[PDB]
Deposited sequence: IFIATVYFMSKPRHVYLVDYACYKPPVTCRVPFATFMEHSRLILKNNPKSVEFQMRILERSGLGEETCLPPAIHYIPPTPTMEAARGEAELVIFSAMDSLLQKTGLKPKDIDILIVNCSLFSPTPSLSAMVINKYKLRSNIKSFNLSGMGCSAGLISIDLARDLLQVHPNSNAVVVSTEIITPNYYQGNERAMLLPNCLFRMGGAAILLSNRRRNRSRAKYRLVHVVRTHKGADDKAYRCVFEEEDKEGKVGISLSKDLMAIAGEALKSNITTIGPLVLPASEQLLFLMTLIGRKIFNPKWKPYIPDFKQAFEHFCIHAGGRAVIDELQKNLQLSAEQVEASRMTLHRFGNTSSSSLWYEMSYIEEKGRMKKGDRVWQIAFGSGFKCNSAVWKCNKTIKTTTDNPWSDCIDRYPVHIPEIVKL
């Protein structure tokens, strides 16, 4: 026997998405359009042009009336402090982690890898450190905290987990994708940097991954692929989403005018690297698509490029509507949507696309390990009945 000695020994391990918990923002936090515009008028009294720009950007963003913002951003002078950001981080991360631990029955002593990704908020000790302290994790845990890597960092985390799971047998990896938006709020009137204020909302997700063979039946999905693209080499595609300062000393995320075109290119490259891998022309390769909810414009561009139907690009639109731009964790809200409509059959291929600053564009392919039953503990438990709502072209 020589074929077995060269096949099984050098066979990649299977990485399973055992479960995940999405954060459900409090039902007493919504930020309606009218309240947002009233506060915006109050903050930008001396810049009516900025107010008009914000109104135009927010009235065609596809967001709903149930999106949530941190308590610190509630005051008409929004004063984001370090304590407020830490409190929001604790809230979201611990809620998602508690939901995950109750769902999976996982013990804190069983967590071998812990990867936390959150772009803007990078405290010290890290976010993974506060998770470890909260759950008293093992003293020999592989704790990683990625920051500054944008909205695609979510999938990056998954990739990292996968790699680690190939090196360490019988291990569990917890991946916490979030974006604490209290420090991300832009305290200025520069038009280019006011988009994140209009679009970004609260969210988060705690994901459990495992190569353990005992999870070959409990697992929801089985990670097939994680493709990555980094257009940072191109100078134009590097400055696309650039954190910087305005002419008044305020830090914000300036978005380039050409951010559309470059984004397109990146996506194309990714679908040129994921095509041959899944090739037995993508609307028939996969059964479900999770396009990152980065604004209805990019979703429309991807739909017109890949020739997706209204129902295929529906979890992304409805996730943008219900939760807004929850950043790297949005990919998971979309997942929940597909699961809760009773559309997650066994063997179904799910393709997640997450594109963000860098300019990075990553994608992942999962396969449904088991048919997913509709559940009550989830971020869609109440609003799933109304959806798919009719998102209007312009709201007032």
What ranges of the deposited sequence are left out of this structure?
281-306, 423
